[PDB]
Amino acid sequence: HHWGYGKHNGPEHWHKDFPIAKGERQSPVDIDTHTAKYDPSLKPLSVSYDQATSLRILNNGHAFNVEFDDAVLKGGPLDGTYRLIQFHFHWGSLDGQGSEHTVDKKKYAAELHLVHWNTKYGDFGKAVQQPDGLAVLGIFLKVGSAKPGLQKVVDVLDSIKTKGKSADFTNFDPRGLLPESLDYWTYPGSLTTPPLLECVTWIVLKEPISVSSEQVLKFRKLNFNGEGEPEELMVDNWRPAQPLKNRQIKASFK
Ligand SMILES: COc1cccc(CN2CCc3cc(OS(N)(=O)=O)c(OC)cc3C2)c1
Ligand SMILES: [Zn+2]
Ligand SMILES: [Zn+2]
């Protein structure tokens, strides 16, 4: 019985193996624009991805991720430097849902997560045990014009349809996944999948990227299951918004 997104192993069940699921700084959250506070101490985000070295893409039975040779994220709300280790997405069974964070309860079609670990901890495994161990950059996807920087990703999905499948994915530039503006919201939170560790500074961009219906449809062709098994379509791999508790969401923009 391995965690998943289904009726019998989904987000409502996770707390039984991972009690921190009911913790004080869980993610994602709804971003309420009536209450999110502008904060002048917040610097512009520094995204330095020109030296990013992608390695492979893998269907892990939950999502797909692109792994990097650990590119740096710094500035913004962060002290010191964070290394890019991987990215992945969460998405829906229809365009009207799929994101993890929401904005005034609005769900986007998907959400991109660029995962970075704090270099002061030496490696990812040590970083996740610290409250400031990770910085995840979250970017909403809406349906509109195609995002050319995403094309390499969606085109490769046919070759990694089922759990365990991987493909070479060298020379992918994550800079092609960013919107124009780096205006952001930020709050202290957690990983949104088991083990749900409370080790993340969340940085969620205000501006969504536009992807085409054709592109996002390709996400929905992936399988949760392995080859030669009952077909379980990979859709709705998102955790709902969690209690904000005693936290404050700050905005970098007025
Ligand atoms: C330990 O080195 C790794 C290198 C590449 C991929 C991984 C797997 N892991 C990294 C961090 C992470 C973190 C995640 O939490 S999230 N949604 O970004 O808050 C996650 O949920 C979908 C998945 C993963 C995948 C580990
Ligand atoms: Zn798994
Ligand atoms: Zn994620």
# chains A, B, ... in the order shown; residues from 1 in each chain; ligands from 1
>>> closest_atom_pairs(of="chain A", to="ligand 2", cutoff="7 Å", atoms="only C-alpha atoms and all ligand atoms", output="Markdown table")
| residue | atom | partner | partner_atom_place_in_ligand_line | distance |
| --- | --- | --- | --- | --- |
| A:2 | CA | ligand 2 | 1 (Zn) | 6.7 |
| A:3 | CA | ligand 2 | 1 (Zn) | 6.9 |
| A:60 | CA | ligand 2 | 1 (Zn) | 6.1 |
| A:61 | CA | ligand 2 | 1 (Zn) | 5.6 |
| A:62 | CA | ligand 2 | 1 (Zn) | 6.2 |
>>> residues_near_ligand(ligand="ligand 3", cutoff="7 Å", atoms="only C-alpha atoms and all ligand atoms", output="MDAnalysis selection string")
chainID A and resid 88:90 112:113 192
>>> closest_atom_pairs(of="chain A", to="ligand 1", cutoff="10 Å", atoms="only C-alpha atoms and all ligand atoms", output="Markdown table")
| residue | atom | partner | partner_atom_place_in_ligand_line | distance |
| --- | --- | --- | --- | --- |
| A:26 | CA | ligand 1 | 19 (O) | 9.8 |
| A:27 | CA | ligand 1 | 19 (O) | 7.3 |
| A:28 | CA | ligand 1 | 19 (O) | 8.0 |
| A:55 | CA | ligand 1 | 5 (C) | 9.8 |
| A:56 | CA | ligand 1 | 5 (C) | 9.3 |
| A:57 | CA | ligand 1 | 5 (C) | 9.4 |
| A:58 | CA | ligand 1 | 6 (C) | 8.8 |
| A:60 | CA | ligand 1 | 8 (C) | 8.6 |
| A:62 | CA | ligand 1 | 22 (C) | 7.1 |
| A:63 | CA | ligand 1 | 22 (C) | 6.7 |
| A:64 | CA | ligand 1 | 22 (C) | 8.6 |
| A:65 | CA | ligand 1 | 6 (C) | 6.5 |
| A:66 | CA | ligand 1 | 5 (C) | 7.2 |
| A:67 | CA | ligand 1 | 5 (C) | 4.8 |
| A:68 | CA | ligand 1 | 5 (C) | 7.2 |
| A:69 | CA | ligand 1 | 4 (C) | 8.9 |
| A:70 | CA | ligand 1 | 4 (C) | 8.8 |
| A:84 | CA | ligand 1 | 4 (C) | 9.5 |
| A:85 | CA | ligand 1 | 4 (C) | 5.7 |
| A:86 | CA | ligand 1 | 5 (C) | 5.1 |
| A:87 | CA | ligand 1 | 18 (O) | 7.7 |
| A:88 | CA | ligand 1 | 22 (C) | 6.7 |
| A:89 | CA | ligand 1 | 22 (C) | 7.2 |
| A:90 | CA | ligand 1 | 22 (C) | 7.3 |
| A:100 | CA | ligand 1 | 17 (N) | 8.4 |
| A:111 | CA | ligand 1 | 17 (N) | 9.3 |
| A:112 | CA | ligand 1 | 18 (O) | 8.6 |
| A:113 | CA | ligand 1 | 18 (O) | 5.4 |
| A:114 | CA | ligand 1 | 18 (O) | 7.0 |
| A:115 | CA | ligand 1 | 18 (O) | 5.8 |
| A:116 | CA | ligand 1 | 11 (C) | 8.4 |
| A:117 | CA | ligand 1 | 11 (C) | 9.2 |
| A:123 | CA | ligand 1 | 1 (C) | 8.3 |
| A:124 | CA | ligand 1 | 1 (C) | 5.7 |
| A:125 | CA | ligand 1 | 1 (C) | 6.2 |
| A:126 | CA | ligand 1 | 1 (C) | 9.8 |
| A:128 | CA | ligand 1 | 11 (C) | 9.0 |
| A:134 | CA | ligand 1 | 11 (C) | 9.1 |
| A:135 | CA | ligand 1 | 18 (O) | 8.9 |
| A:136 | CA | ligand 1 | 18 (O) | 6.1 |
| A:137 | CA | ligand 1 | 18 (O) | 8.4 |
| A:138 | CA | ligand 1 | 18 (O) | 8.2 |
| A:189 | CA | ligand 1 | 19 (O) | 8.6 |
| A:190 | CA | ligand 1 | 19 (O) | 6.2 |
| A:191 | CA | ligand 1 | 19 (O) | 3.4 |
| A:192 | CA | ligand 1 | 19 (O) | 4.2 |
| A:193 | CA | ligand 1 | 21 (O) | 4.6 |
| A:194 | CA | ligand 1 | 21 (O) | 7.5 |
| A:195 | CA | ligand 1 | 15 (O) | 8.7 |
| A:196 | CA | ligand 1 | 15 (O) | 7.5 |
| A:197 | CA | ligand 1 | 19 (O) | 8.9 |
| A:198 | CA | ligand 1 | 19 (O) | 9.6 |
| A:199 | CA | ligand 1 | 19 (O) | 9.4 |
| A:200 | CA | ligand 1 | 19 (O) | 7.5 |
| A:201 | CA | ligand 1 | 19 (O) | 9.9 |
| A:202 | CA | ligand 1 | 19 (O) | 8.5 |
| A:237 | CA | ligand 1 | 22 (C) | 8.3 |
| A:238 | CA | ligand 1 | 22 (C) | 8.3 |
| A:239 | CA | ligand 1 | 17 (N) | 8.5 |
>>> closest_residue(among="A:168, A:39, A:30, A:158", to="residue A:102", atoms="only C-alpha atoms")
A:30
>>> residues_around(residues="residue A:180", least_positions_apart="6", cutoff="10 Å", atoms="only C-alpha atoms", output="PyMOL selection string")
chain A and resi 207-209
>>> write_last_selection(atoms="N, CA and C atoms", output="PDB file, in the first residue's frame")
ATOM      1  N   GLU A 207       2.710  35.615 -12.064  1.00  0.00           N
ATOM      2  CA  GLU A 207       2.315  35.461 -13.464  1.00  0.00           C
ATOM      3  C   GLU A 207       2.398  34.001 -13.904  1.00  0.00           C
ATOM      4  N   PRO A 208       1.289  33.437 -14.409  1.00  0.00           N
ATOM      5  CA  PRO A 208       1.325  32.083 -14.957  1.00  0.00           C
ATOM      6  C   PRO A 208       2.047  32.073 -16.296  1.00  0.00           C
ATOM      7  N   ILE A 209       2.569  30.914 -16.680  1.00  0.00           N
ATOM      8  CA  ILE A 209       2.961  30.709 -18.064  1.00  0.00           C
ATOM      9  C   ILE A 209       1.756  30.178 -18.822  1.00  0.00           C
TER      10      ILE A 209
END
>>> select_by_dssp(residues="stretch 108-251 of chain A", states="strand (DSSP E)", output="MDAnalysis selection string")
chainID A and resid 110:118 134:143 166:168 184:189 200:205 209:211 250:251
>>> residues_around(residues="residue A:205", least_positions_apart="4", cutoff="9 Å", atoms="only C-alpha atoms", output="ChimeraX atom specification")
/A:137-140,179,181-186
>>> closest_residue(among="A:224, A:121, A:5, A:108", to="residue A:165", atoms="only C-alpha atoms")
A:224
>>> residues_around(residues="residue A:80", least_positions_apart="3", cutoff="12 Å", atoms="only C-alpha atoms", output="PDB file with C-alpha atoms, in the first residue's frame")
ATOM      1  CA  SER A  46      17.797  35.827  -8.800  1.00  0.00           C
ATOM      2  CA  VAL A  72      21.394  28.485  -8.661  1.00  0.00           C
ATOM      3  CA  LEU A  73      18.429  30.248  -7.069  1.00  0.00           C
ATOM      4  CA  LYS A  74      19.215  33.131  -4.693  1.00  0.00           C
ATOM      5  CA  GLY A  75      17.886  36.559  -3.634  1.00  0.00           C
ATOM      6  CA  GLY A  76      14.144  36.938  -3.195  1.00  0.00           C
ATOM      7  CA  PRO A  77      13.280  36.010   0.409  1.00  0.00           C
ATOM      8  CA  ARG A  83      21.067  24.482  -6.190  1.00  0.00           C
ATOM      9  CA  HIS A 116      16.382  23.663  -5.036  1.00  0.00           C
ATOM     10  CA  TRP A 117      18.431  22.766  -1.943  1.00  0.00           C
ATOM     11  CA  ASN A 118      20.394  25.096   0.346  1.00  0.00           C
ATOM     12  CA  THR A 119      24.128  24.683  -0.460  1.00  0.00           C
ATOM     13  CA  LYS A 120      24.932  25.414   3.374  1.00  0.00           C
ATOM     14  CA  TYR A 121      23.746  21.831   4.082  1.00  0.00           C
ATOM     15  CA  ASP A 132      15.326  26.410   5.451  1.00  0.00           C
ATOM     16  CA  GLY A 133      16.644  23.380   3.551  1.00  0.00           C
ATOM     17  CA  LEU A 134      14.735  23.810   0.274  1.00  0.00           C
ATOM     18  CA  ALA A 135      13.422  26.573  -1.934  1.00  0.00           C
TER      19      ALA A 135
END
>>> select_by_dssp(residues="stretch 25-186 of chain A", states="alpha helix (DSSP H)", output="NGL selection string")
:A and (124-127 or 151-156)
>>> residues_around(residues="residue A:32", least_positions_apart="2", cutoff="9 Å", atoms="only C-alpha atoms", output="PyMOL selection string")
chain A and resi 30+34-36+102-105+249
>>> write_last_selection(atoms="N, CA, C and O atoms", output="PDB file, in the first residue's frame")
ATOM      1  N   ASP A  30      -3.938  28.189  -0.091  1.00  0.00           N
ATOM      2  CA  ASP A  30      -4.599  29.181  -0.911  1.00  0.00           C
ATOM      3  C   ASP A  30      -3.978  30.537  -0.621  1.00  0.00           C
ATOM      4  O   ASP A  30      -3.735  30.897   0.537  1.00  0.00           O
ATOM      5  N   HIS A  34      -6.666  39.334  -0.592  1.00  0.00           N
ATOM      6  CA  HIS A  34      -7.184  40.313   0.363  1.00  0.00           C
ATOM      7  C   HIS A  34      -6.267  40.420   1.573  1.00  0.00           C
ATOM      8  O   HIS A  34      -6.248  41.453   2.254  1.00  0.00           O
ATOM      9  N   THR A  35      -5.498  39.362   1.829  1.00  0.00           N
ATOM     10  CA  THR A  35      -4.694  39.262   3.050  1.00  0.00           C
ATOM     11  C   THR A  35      -3.178  39.182   2.858  1.00  0.00           C
ATOM     12  O   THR A  35      -2.426  39.495   3.790  1.00  0.00           O
ATOM     13  N   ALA A  36      -2.726  38.762   1.672  1.00  0.00           N
ATOM     14  CA  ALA A  36      -1.288  38.692   1.381  1.00  0.00           C
ATOM     15  C   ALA A  36      -0.670  40.084   1.475  1.00  0.00           C
ATOM     16  O   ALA A  36      -1.190  41.049   0.909  1.00  0.00           O
ATOM     17  N   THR A 102      -3.454  27.868  -4.915  1.00  0.00           N
ATOM     18  CA  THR A 102      -4.588  28.494  -5.562  1.00  0.00           C
ATOM     19  C   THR A 102      -4.489  29.974  -5.240  1.00  0.00           C
ATOM     20  O   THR A 102      -3.819  30.352  -4.283  1.00  0.00           O
ATOM     21  N   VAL A 103      -5.135  30.802  -6.055  1.00  0.00           N
ATOM     22  CA  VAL A 103      -5.119  32.245  -5.845  1.00  0.00           C
ATOM     23  C   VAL A 103      -6.561  32.702  -5.718  1.00  0.00           C
ATOM     24  O   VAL A 103      -7.321  32.617  -6.686  1.00  0.00           O
ATOM     25  N   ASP A 104      -6.947  33.168  -4.528  1.00  0.00           N
ATOM     26  CA  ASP A 104      -8.361  33.465  -4.255  1.00  0.00           C
ATOM     27  C   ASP A 104      -9.278  32.298  -4.664  1.00  0.00           C
ATOM     28  O   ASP A 104     -10.353  32.495  -5.255  1.00  0.00           O
ATOM     29  N   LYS A 105      -8.827  31.091  -4.323  1.00  0.00           N
ATOM     30  CA  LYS A 105      -9.497  29.817  -4.586  1.00  0.00           C
ATOM     31  C   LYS A 105      -9.503  29.360  -6.047  1.00  0.00           C
ATOM     32  O   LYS A 105      -9.983  28.266  -6.351  1.00  0.00           O
ATOM     33  N   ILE A 249       1.620  35.152   4.344  1.00  0.00           N
ATOM     34  CA  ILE A 249       2.058  35.128   2.956  1.00  0.00           C
ATOM     35  C   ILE A 249       2.441  36.546   2.572  1.00  0.00           C
ATOM     36  O   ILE A 249       1.635  37.478   2.720  1.00  0.00           O
TER      37      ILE A 249
END
>>> atom_distance(atom1="atom CA of residue A:230", atom2="atom CA of residue A:59")
16.3 Å
>>> atom_distance(atom1="atom CA of residue A:122", atom2="atom CA of residue A:81")
11.3 Å
>>> residues_around(residues="stretch 142-145 of chain A", least_positions_apart="2", cutoff="12 Å", atoms="only C-alpha atoms", output="count of residues only")
32
>>> atom_distance(atom1="atom CA of residue A:219", atom2="atom CA of residue A:234")
7.7 Å
>>> decode(residues="stretch 144-200 of chain A", atoms="C-alpha atoms", output="compact mmCIF listing (two decimals), in the first residue's frame")
# COMPACT_ATOMS: atom_id res chain seq x y z
CA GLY A 144 -3.51 29.63 -24.12
CA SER A 145 -0.64 30.00 -26.59
CA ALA A 146 2.03 27.30 -26.60
CA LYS A 147 5.19 27.64 -24.49
CA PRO A 148 8.05 26.77 -26.84
CA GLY A 149 10.38 26.01 -23.91
CA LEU A 150 8.02 23.24 -22.81
CA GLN A 151 7.89 21.44 -26.15
CA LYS A 152 10.93 19.21 -25.49
CA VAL A 153 9.28 18.07 -22.26
CA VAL A 154 5.84 17.24 -23.64
CA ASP A 155 7.23 15.53 -26.78
CA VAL A 156 9.36 13.15 -24.69
CA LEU A 157 6.39 11.94 -22.60
CA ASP A 158 5.32 9.31 -25.16
CA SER A 159 8.58 7.48 -24.43
CA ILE A 160 8.07 7.47 -20.63
CA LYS A 161 4.39 6.54 -20.46
CA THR A 162 4.56 4.09 -17.56
CA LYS A 163 6.09 3.94 -14.07
CA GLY A 164 9.84 3.25 -14.16
CA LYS A 165 10.46 4.46 -17.69
CA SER A 166 13.17 7.07 -18.23
CA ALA A 167 14.72 8.90 -21.19
CA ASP A 168 17.88 10.88 -21.86
CA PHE A 169 17.18 14.49 -21.27
CA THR A 170 20.38 16.38 -21.70
CA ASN A 171 20.64 19.99 -22.90
CA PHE A 172 17.25 21.13 -21.63
CA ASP A 173 17.20 24.82 -20.65
CA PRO A 174 14.76 25.51 -17.77
CA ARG A 175 14.90 29.23 -18.57
CA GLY A 176 12.29 28.50 -21.27
CA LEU A 177 9.74 27.63 -18.54
CA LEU A 178 9.70 31.05 -16.88
CA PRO A 179 7.17 33.84 -17.39
CA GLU A 180 8.23 37.43 -18.08
CA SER A 181 7.75 38.67 -14.51
CA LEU A 182 9.45 37.29 -11.43
CA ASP A 183 6.99 39.01 -9.05
CA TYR A 184 6.22 36.47 -6.32
CA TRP A 185 4.44 35.43 -3.16
CA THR A 186 6.43 33.65 -0.43
CA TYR A 187 5.66 31.70 2.78
CA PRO A 188 7.32 28.92 4.87
CA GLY A 189 5.86 25.51 4.02
CA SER A 190 6.48 21.87 3.22
CA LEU A 191 6.96 19.27 0.53
CA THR A 192 3.50 18.59 -0.96
CA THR A 193 4.11 14.83 -1.23
CA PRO A 194 5.22 12.31 1.39
CA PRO A 195 7.35 12.66 3.47
CA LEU A 196 5.73 16.16 3.67
CA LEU A 197 8.76 17.58 5.49
CA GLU A 198 8.49 21.17 6.66
CA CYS A 199 11.71 22.27 5.00
CA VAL A 200 10.55 24.56 2.17
